[PDB]
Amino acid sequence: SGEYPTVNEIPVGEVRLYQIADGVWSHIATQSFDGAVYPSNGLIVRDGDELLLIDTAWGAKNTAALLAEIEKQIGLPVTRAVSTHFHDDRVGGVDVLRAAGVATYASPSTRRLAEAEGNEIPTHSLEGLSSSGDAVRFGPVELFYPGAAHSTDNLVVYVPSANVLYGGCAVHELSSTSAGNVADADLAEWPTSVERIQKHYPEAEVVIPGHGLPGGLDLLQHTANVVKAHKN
């Protein structure tokens, strides 16, 4: 009923949307992984009379439920999707999207890592993002490659009309006590990558992590802090 929906509040298989700003929503779903349940976020950005999707809802059935929830709550077609790194919480559901008419995109680095890992593979490659600090426009957002952090391929997304910074899994929520799933992370480079984000998007008003609650710019410094302590 209005607060940001939380892990214990969403059954696995249901999706909820949360209005972030005019024409910007997050999507929230839950999934089981190695015997524990986790929430995860994505983004929806209005693109005239179409929608741009950032990240799947972590699985095929969750992503089908996402499309149904978008049609119920918004009623505009999802035409393009971008996955911000290669893990299942970002690409799991790409096959569902591709069968629902959605053109799926990711960097070549993400596509290679997804293919090598056995994860679902976005169709189209996003060039122009291979060097840290690179930025490209994609509909109503800017895509930014900050450098290696949670993964070597992680992208962040900025919505300039609303000053919304979607950090994806390179950014953690304020309540976090460690750096999440660090399997593919570069803990040494992560603070430098976060510093690049801070320098590039100083006017961000909302910061959305890959998992958990949105907040303000403090999420970036908090992320650096929990990562530095995890490495140590």
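We number the residues from 1 along the sequence you see. By rigid core we mean the largest C-alpha set that fits within 1.5 Å across both forms.
Point to revise | Larger mean CA deviation from the shown form in 8 other deposited structures of this protein [core fit; 8 to 16 vs 215 to 223] | key: Stretch with the higher C-alpha RMS distance in 8 other deposited structures of this protein: 8 to 16.
Practice item. State which stretch shows the higher mean Cα B factor in the entry: 174 to 182 or 40 to 48. Key: According to the PDB entry, the answer is 174 to 182.
Point to revise | Which of 206 to 214 and 6 to 14 has higher mean CA B factor, as the PDB entry lists it | key: Between 206 to 214 and 6 to 14, it is 6 to 14 that shows the higher mean C-alpha B-factor.
Point to revise | Per the PDB entry, maximal CA B factor within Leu126, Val156, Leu113, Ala100 | key: Each of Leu126, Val156, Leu113, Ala100 was compared by C-alpha B-factor; the highest is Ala100.
Check your understanding: If you check the C-alpha B-factor for each of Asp55, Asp34, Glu69, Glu195 in the entry, which is highest?
Key -> Spelled out: the listed residue with the top C-alpha B-factor is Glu195.
**Study point:** Lowest, middle or highest third - CA B-factor, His27
**Key:** According to the entry, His27 has a C-alpha B-factor in the chain's lowest third.
Point to revise | Modelled-residue ranking by C-alpha temperature factor, third containing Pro122 | key: Lowest third.
**Study point:** Third assignment of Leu165 from its chain's C-alpha B-factors
**Key:** CA B-factor rank for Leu165: lowest third.
Review point. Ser131's Cα B-factor: lowest, middle or highest third of the chain?
Key: Highest third, going by the recorded CA B-factors of the chain.
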